[PDB]
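Before any comments, here is the structure.
Values in this text are rule-based calculations from the coordinates and carry no lab data. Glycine gets a Cβ as well: all are built from the backbone with ideal geometry, and neighbour counts include every protein chain shown.
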Amino acid sequence: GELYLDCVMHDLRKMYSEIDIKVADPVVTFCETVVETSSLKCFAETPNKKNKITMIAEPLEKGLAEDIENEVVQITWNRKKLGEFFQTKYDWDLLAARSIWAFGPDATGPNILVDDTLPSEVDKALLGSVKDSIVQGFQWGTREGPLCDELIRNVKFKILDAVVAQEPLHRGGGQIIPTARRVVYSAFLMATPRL
Amino acid sequence: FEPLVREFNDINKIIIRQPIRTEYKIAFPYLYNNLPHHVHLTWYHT
């Protein structure tokens, strides 16, 4: 607050650095959000056309995000227990209850990552190998910030088609991390960004 | 009284949301001015 920064600027000047300091007018930190389901989805690949990622975005409810901020909906327990908590608190679907991948910009973040591509996610041996690179791109791109490098609050990202080439073994992870980043940017920016 | 002393603050990069009312420089002297020399602190609440 005001008196806190007044006290630390007094401390800075009078105790450690005697230097005159130009100080601008204070601004606050801002955030970002999405308020509606996504449009015709963008799928994007690497410079070498190898691996695609299909993602839509729609807002998880206020209660969902505020309870993830209060750690009660943490994925650290059994996936079945997490799914049962989703079912007993938010009428959540069972097929969507046991497919959630990660959270976002920290250990408890205001985003959520869901998979529902039931005929095409029988390709699990080739999905789960790059699923962790999707998480490594997901958390990093959600703590980056598209517009003015702020944080992204209360947005659900949902992957609907995973087209990954057979045995990448060096291409997959390292190339899908910027793909996860760029498809996260597309699914965010396309069909209702808000501040 | 009489004066005792006698690309950062760009006007396109600073939101003027509230006009800075001048008594802020009294109430919080370090946070609202540059070069606060020979300044006195204030007792602010009983």
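Might you check whether a residue that is more than 9 Å from every other protein chain (Cβ to nearest Cβ) and on the phi > 0 side of the Ramachandran plot occurs anywhere in the stretch B:27-44? Checked against the condition, which is being more than 9 Å from every other protein chain (Cβ to nearest Cβ) and on the phi > 0 side of the Ramachandran plot, the stretch B:27-44 yields at least one hit.
Just a yes or no: is a residue in the stretch A:51-73 within 23 Å of the chain's Cα centre (by Cα) and within 14 Å of chain B (Cβ to nearest Cβ)?
No; the residues of the stretch A:51-73 include none that is within 23 Å of the chain's Cα centre (by Cα) and within 14 Å of chain B (Cβ to nearest Cβ).
Close contacts from the stretch A:1-23, counting a first residue that is within 7 Å of another protein chain (Cβ to nearest Cβ) and assigned to a helix (DSSP H, G or I) and a second that is surrounded by fewer than 12 Cβ atoms within 10 Å (Cβ to Cβ) and among the aliphatic types (A, V, I, L, M), with Cβ to Cβ under 6 Å and a gap of 6+ residues or different chains, come to none at all.
Taking the criterion of being touching a strand residue (DSSP E or B) at 6+ places or on another chain (Cβ under 8 Å), outside any loop (DSSP other than H, G, I, E, B), surrounded by 16 or more Cβ atoms within 10 Å (Cβ to Cβ) and not acidic (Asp, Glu), the residues of the stretch A:87-125 that qualify are A:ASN111, A:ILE112, A:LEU113, A:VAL114.
Within the stretch A:28-50, is there a residue that is of a type outside the set (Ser, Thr, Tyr), under 30 Å from B:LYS25 (Cβ atoms), assigned to a loop (DSSP other than H, G, I, E, B) and out of contact with any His (no Cβ under 6 Å at 6 or more places or on another chain)? Within the stretch A:28-50 (the criterion being of a type outside the set (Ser, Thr, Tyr), under 30 Å from B:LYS25 (Cβ atoms), assigned to a loop (DSSP other than H, G, I, E, B) and out of contact with any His (no Cβ under 6 Å at 6 or more places or on another chain)), the answer is yes, since at least one residue qualifies.
Answer yes or no as to whether B:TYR30 is surrounded by 10 or more Cβ atoms within 10 Å (Cβ to Cβ) and of a type in the set (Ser, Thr, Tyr). Taking the combined requirement at face value, the residue satisfies it.
Looking at A:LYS41, A:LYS49, just one residue is closer than 25 Å to A:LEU113 by Cβ and exposed (fewer than 11 other Cβ atoms within 10 Å of the Cβ), and that residue is A:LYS49.
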